[PDB]
Amino acid sequence: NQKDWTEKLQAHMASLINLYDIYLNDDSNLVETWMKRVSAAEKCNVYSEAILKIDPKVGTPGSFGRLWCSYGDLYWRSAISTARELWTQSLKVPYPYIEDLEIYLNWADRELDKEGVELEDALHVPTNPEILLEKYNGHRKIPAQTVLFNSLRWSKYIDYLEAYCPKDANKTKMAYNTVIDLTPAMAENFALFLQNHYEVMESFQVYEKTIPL
Amino acid sequence: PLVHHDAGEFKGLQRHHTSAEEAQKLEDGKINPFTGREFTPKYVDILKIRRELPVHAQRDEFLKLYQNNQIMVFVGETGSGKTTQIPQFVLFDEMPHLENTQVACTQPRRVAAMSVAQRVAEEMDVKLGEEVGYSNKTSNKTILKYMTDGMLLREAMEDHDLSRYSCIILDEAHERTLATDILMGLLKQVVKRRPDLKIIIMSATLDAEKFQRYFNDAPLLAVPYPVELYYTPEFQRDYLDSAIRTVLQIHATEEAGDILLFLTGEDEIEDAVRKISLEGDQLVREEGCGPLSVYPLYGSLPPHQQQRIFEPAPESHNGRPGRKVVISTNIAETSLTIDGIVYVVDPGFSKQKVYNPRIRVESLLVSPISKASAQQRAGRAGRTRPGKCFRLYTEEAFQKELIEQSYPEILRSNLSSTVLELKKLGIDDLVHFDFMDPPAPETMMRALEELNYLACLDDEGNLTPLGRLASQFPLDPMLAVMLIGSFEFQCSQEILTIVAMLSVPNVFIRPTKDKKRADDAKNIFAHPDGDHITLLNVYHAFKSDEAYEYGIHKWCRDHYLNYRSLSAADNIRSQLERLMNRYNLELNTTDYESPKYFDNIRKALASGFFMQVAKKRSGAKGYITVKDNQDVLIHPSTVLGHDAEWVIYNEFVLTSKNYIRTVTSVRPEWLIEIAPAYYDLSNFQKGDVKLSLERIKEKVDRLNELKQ
RNA sequence: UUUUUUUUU
């Protein structure tokens with residue numbers, strides 16, 4: 001047991017050899033998987049965070065631990081689905097916080113961390129905007145996504161614009177033309193908008209502007 | 001003693017001379033011939049229904065054979081009313097209540113016996129568990145007794161001549177199960193001792209020649225929609241792609257009706273399911289094909305998920321024929337009627353058991369099916385409506401390439417148990433013993449060797465108290481010996497639980513698309529150095545008050561666990577506990593606070609599974625088995641994340657590689673202590689990786705003894 | 001990365 005303790009202290013001083021020492025010693029096992037934690041990977045950090053969330057009476061402790069886990073896993077991320085799940089989960093923590101009445105401000109903070117992250121991130125902005133509109137402040141969030149796209153005033157950001165202009169409709173005309181400065185389906189769609197508003201002749205003009213291209 | 005009606009309306013006939021007319025005259029009566037009850041309208045309707053069954057039209061003839069022959073064979077179409085009507089015919093000819101005897105009908109399944117007991121109980125207008133019953137609902141008034149072959153085998157083990165029965169019926173003898181064959185072999189001698197016994201052999205399909213020739217030229221009674229057969233002109237290079245493409249083809253072109261596809265394993269089946277689902281959806285979307293519903297079907301599924309195949313075909317909004325595709329193993333190959341199935345797709349492959357006498361081990365291998373099996377698979381259709389069967393092989397292959405009829409299980413399976421049971425029957429010279437089909441002497445000798453090391457058979461060849469005790473249990477001899485020796489390590493309850501958990505299919509649920517959360521949920525119950533210990537934790541958590549306060553089934557559906565497997569395990573554990581209490585085995589356990597807890601459990605495990613031990617290659621990759629010296633690896637579903645160089649395993653499985661399933665770390669010292677007979681250095685081959693450090697452990701032991 | 005079958009209210 002003492003030599004195993006030396007194997008443990010050596011593990012603290014530290015790969016698999018410590019685990020072999022653990023087998024030589026063979027709650028300590030869960031402690032050992034925890035040691036593996038002490039050493040897709042970030043996704044595993046998320047899945048374990050999910051099972052821990054299932055295990056979450058100090059749920060707040062497991063959640064804050066998930067936050068510090070975000071602080072550690074962020075180093076591993078040097079991003080899309082990692083950052084995306086990271087945002088969806090953080091906002092989910094502020095969502096369970098919202099259920100706890102514990103949340104939108106901290107959600108704005110984690111979303112600010114998403115701003116600190118460095119198109120899936122645009123999905124994150126789309127998410128903060130999504131709950132933000134689900135929150136009962138529709139225009140206020142649109143002003144923010146607009147703050148981002150205006151911040152882009154690049155070409156890659158335009159796919160996010162199609163991600164944004166698609167719901168920015170619910171005036172929008174110039175917002176749409178900004179795309180023309182920088183996709184036929186998009187064109188026919190927009191002309192269909194004006195047709196729905198029955199601008200008619202203006203709509204025909206759009207087809208003039210498409211075909212010159 | 002059996003309670004019965006004294007009768008009197010039965011008198012007027014010489015024994016064994018009952019005609020059909022008299023029986024029918026008793027049937028149409030307002031009063032029951034065997035009980036004092038009056039007949040219900042339900043009985044009238046059911047009688048009207050069953051009187052039109054094909055087996056009834058031959059009743060007279062059946063009687064005329066059964067009266068003049070001691071042993072007879074019976075073959076009829078599927079669902080003609082064999083299992084239900086034949087024993088009643090027997091009841092009408094015999095005098096079971098007058099001569100104070102029972103009549104036994106044997107089913108190879110529990111559910112079979114139970115269900116048919118229900119149906120027949122409703123047919124004879126008796127309450128289930130009274131005069132007609134299954135075993136157990138059998139009381140002292142029970143005349144018609146449905147039972148598994150194992151139960152009849154037990155009653156045969158307690159009473160050699162089976163004096164309680166005057167007529168014994170074995171249905172579905174085409175499966176040739178262990179208990180069935182043993183029972184036939186016994187009955188062949190019982191008929192020599194007592195001529196008052198009659199034996200009936202029933203099956204829907206059979207190679208009746210073997211049965212007739214075995215029972216000394218026994219008589220055979222054979223009682224009488226088109227299914228079209230399609231063969232491929234050429235050979236199909238990849239049977240899987242051929243299967244998928246052909247199923248999609250039947251979906252796109254052929255007439256209305258459901259499709260039944262046979263495949264190999266659950267992995268292959270899942271792959272085929274998701275592929276056929278995807279391309280099927282694409283077919284509906286782009287080529288305007290009808291809606292398609294694919295359902296998987298294999299043994300490891302819960303009974304509900306198995307029942308899911310009988311769901312109606314998908315509704316159609318577009319007008320295109322919506323249909324259902326049932327992807328199954330050979331579980332639906334024999335005796336099963338699905339209403340919607342019209343088409344049957346057969347690649348001609350299955351997974352069968354292969355045994356190597358040199359290694360003395362059994363594994364599973366993909367093999368070509370048999371002619372009989374093909375006729376069965378093709379016979380699944382053409383019941384509700386005319387069927388069409390697409391076989392993915394040439395007719396020339398059917399005539400030549402395909403085996404005549406599936407090799408018997410006894411000639412394949414490890415006996416290791418068969419020998420023990422034969423010895424319990426009282427057979428001394430098994431080599432000289434009269435089988436219908438004698439097994440391989442190599443396998444026999446190795447089995448006797450295993451039982452010799454397990455101390456079930458002494459050096460002389462007779463049964464030890466350990467063998468005589470372990471024979472009564474429904475377990476594999478190793479599991480048995482382990483369970484018996486358990487209470488000496490003061491942990492018999494835990495070992496009992498572990499055995500029960502090993503006797504049930506895989507508990508853990510692992511979704512294809514959600515592996516992480518399932519693996520975490522398993523890691524919660526996971527225990528270092530032991531899969532068995534982990535299983536014990538799982539059952540101990542399932543039987544916990546907390547899990548009952550949550551929602552048990554909900555709790556199982558929250559921790560990624562199979563409720564069916566867990567409840568089945570609880571049941572098995574109850575049975576084994578009852579048996580332990582019957583043969584007087586102490587239920588003993590130790591505190592978790594005691595550090596010798598896990599060690600006791602491990603030791604008790606080694607007591608029965610010392611022959612199945614693996615050692616990791618010193619300074620290399622992979623493991624190697626002590627027995628027969630085979631290179632092996634640890635199964636991916638094993639908890640042990642660290643390299644324990646000495647392990648005890650439960651299952652040997654062949655798939656992508658030679659894998660070892662369900663393990664637990666052990667000390668070689670314990671192994672030497674428990675089974676010195678098998679672990680003497682003299683037994684094993686020259687200097688190999690195992691022996692080299694085993695001898696080091698020996699040097700260690702001898703130094704320990706030297707210092708004292 | 002790979003559970004064919006079965007194992008008494």
# chains A, B, ... in the order shown; residues from 1 in each chain; ligands from 1

call {"tool": "interface_residues", "arguments": {"of": "chain B", "to": "chain C", "cutoff": "9 Å", "atoms": "only C-alpha atoms (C1' of nucleotides)", "output": "VMD selection string"}}
result
chain B and resid 109 to 110 135 to 137 148 151 264 to 267 299 to 300 329 to 330 350 to 353 364 to 365 474 to 476 503 to 506 572 575 635 to 636 653 to 657 659

call {"tool": "residues_around", "arguments": {"residues": "residue 162 in chain A", "least_positions_apart": "5", "cutoff": "9 Å", "atoms": "only C-alpha atoms (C1' of nucleotides)", "output": "ChimeraX atom specification"}}
result
/A:157,167,179,186

call {"tool": "write_last_selection", "arguments": {"atoms": "C-alpha atoms", "output": "mmCIF file, in the first residue's frame"}}
result
data_model
loop_
_atom_site.group_PDB
_atom_site.id
_atom_site.type_symbol
_atom_site.label_atom_id
_atom_site.label_comp_id
_atom_site.auth_asym_id
_atom_site.auth_seq_id
_atom_site.Cartn_x
_atom_site.Cartn_y
_atom_site.Cartn_z
ATOM 1 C CA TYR A 157 -19.868 36.280 -43.070
ATOM 2 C CA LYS A 167 -35.281 35.778 -40.066
ATOM 3 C CA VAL A 179 -25.791 40.876 -50.050
ATOM 4 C CA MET A 186 -31.699 33.916 -52.578
#

call {"tool": "residues_around", "arguments": {"residues": "residue 115 in chain A", "least_positions_apart": "5", "cutoff": "9 Å", "atoms": "only C-alpha atoms (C1' of nucleotides)", "output": "list in words"}}
result
residues 110, 121 and 125 of chain A

call {"tool": "atom_distance", "arguments": {"atom1": "CA of residue 128 in chain B", "atom2": "CA of residue 32 in chain B"}}
result
15.5 Å

call {"tool": "select_by_dssp", "arguments": {"residues": "range 21-105 of chain A", "states": "alpha helix (DSSP H)", "output": "VMD selection string"}}
result
chain A and resid 21 to 25 28 to 37 41 to 54 59 to 76 81 to 92 94 to 99 104 to 105

call {"tool": "write_last_selection", "arguments": {"atoms": "C-alpha atoms", "output": "compact mmCIF listing (two decimals), in the first residue's frame"}}
result
# COMPACT_ATOMS: atom_id res chain seq x y z
CA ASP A 21 0.25 0.90 -10.59
CA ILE A 22 -3.47 1.31 -9.95
CA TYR A 23 -4.06 -2.22 -11.20
CA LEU A 24 -1.24 -3.32 -8.91
CA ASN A 25 -3.19 -1.69 -6.10
CA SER A 28 -10.55 4.16 -6.32
CA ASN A 29 -11.51 3.05 -9.84
CA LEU A 30 -13.78 6.02 -10.42
CA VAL A 31 -10.93 7.98 -8.90
CA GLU A 32 -8.77 6.40 -11.59
CA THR A 33 -11.01 7.42 -14.48
CA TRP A 34 -10.85 10.77 -12.75
CA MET A 35 -7.08 10.44 -12.92
CA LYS A 36 -7.53 9.87 -16.63
CA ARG A 37 -9.32 13.19 -16.53
CA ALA A 41 -11.69 14.68 -26.73
CA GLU A 42 -13.48 17.88 -25.81
CA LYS A 43 -16.67 16.20 -27.01
CA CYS A 44 -15.92 13.50 -24.47
CA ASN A 45 -15.50 16.26 -21.92
CA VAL A 46 -18.98 17.29 -22.94
CA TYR A 47 -20.45 13.81 -22.69
CA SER A 48 -18.96 13.33 -19.25
CA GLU A 49 -20.35 16.74 -18.41
CA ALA A 50 -23.70 15.44 -19.59
CA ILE A 51 -23.62 12.34 -17.42
CA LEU A 52 -22.44 14.56 -14.57
CA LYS A 53 -25.33 16.88 -15.40
CA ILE A 54 -27.55 13.84 -15.02
CA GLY A 59 -26.09 20.57 -9.31
CA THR A 60 -24.63 24.06 -9.16
CA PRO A 61 -21.30 22.56 -8.20
CA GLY A 62 -21.35 20.22 -11.18
CA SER A 63 -22.36 23.12 -13.40
CA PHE A 64 -19.63 25.47 -12.22
CA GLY A 65 -17.28 22.52 -12.53
CA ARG A 66 -18.53 22.22 -16.09
CA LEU A 67 -17.62 25.89 -16.48
CA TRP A 68 -14.09 25.41 -15.20
CA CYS A 69 -14.10 22.38 -17.46
CA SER A 70 -14.89 24.80 -20.25
CA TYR A 71 -11.94 26.88 -19.09
CA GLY A 72 -9.68 23.86 -19.39
CA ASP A 73 -11.16 22.33 -22.54
CA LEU A 74 -10.95 25.71 -24.25
CA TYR A 75 -7.19 25.24 -24.32
CA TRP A 76 -7.72 22.02 -26.25
CA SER A 81 -18.96 21.87 -32.91
CA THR A 82 -16.76 22.12 -29.85
CA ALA A 83 -17.50 25.81 -29.45
CA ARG A 84 -21.07 25.20 -30.59
CA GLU A 85 -21.83 22.56 -28.01
CA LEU A 86 -19.90 24.70 -25.54
CA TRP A 87 -22.26 27.57 -26.19
CA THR A 88 -25.39 25.44 -26.35
CA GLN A 89 -24.44 23.89 -23.03
CA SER A 90 -23.49 27.16 -21.36
CA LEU A 91 -26.73 28.75 -22.46
CA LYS A 92 -28.39 25.52 -21.39
CA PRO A 94 -28.40 29.58 -18.06
CA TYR A 95 -31.61 27.93 -19.28
CA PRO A 96 -31.79 25.59 -16.32
CA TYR A 97 -30.80 28.70 -14.40
CA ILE A 98 -33.74 30.42 -16.07
CA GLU A 99 -35.93 27.57 -14.87
CA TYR A 104 -30.24 36.01 -18.98
CA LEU A 105 -27.38 38.22 -17.81

call {"tool": "interface_residues", "arguments": {"of": "chain B", "to": "chain A", "cutoff": "7 Å", "atoms": "only C-alpha atoms", "output": "NGL selection string"}}
result
:B and (516-517 or 520-521 or 527-529 or 642-644)

call {"tool": "atom_distance", "arguments": {"atom1": "CA of residue 473 in chain B", "atom2": "CA of residue 411 in chain B"}}
result
22.8 Å

call {"tool": "residues_around", "arguments": {"residues": "residue 522 in chain B", "least_positions_apart": "6", "cutoff": "8 Å", "atoms": "only C-alpha atoms (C1' of nucleotides)", "output": "NGL selection string"}}
result
:B and (508 or 559-560)

call {"tool": "atom_distance", "arguments": {"atom1": "CA of residue 140 in chain B", "atom2": "CA of residue 11 in chain B"}}
result
23.2 Å

call {"tool": "residues_around", "arguments": {"residues": "residue 148 in chain A", "least_positions_apart": "5", "cutoff": "12 Å", "atoms": "only C-alpha atoms (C1' of nucleotides)", "output": "list in words"}}
result
residues 115, 121, 122, 125, 126, 129, 141, 142, 143, 153, 154, 157, 158, 160, 161 and 164 of chain A
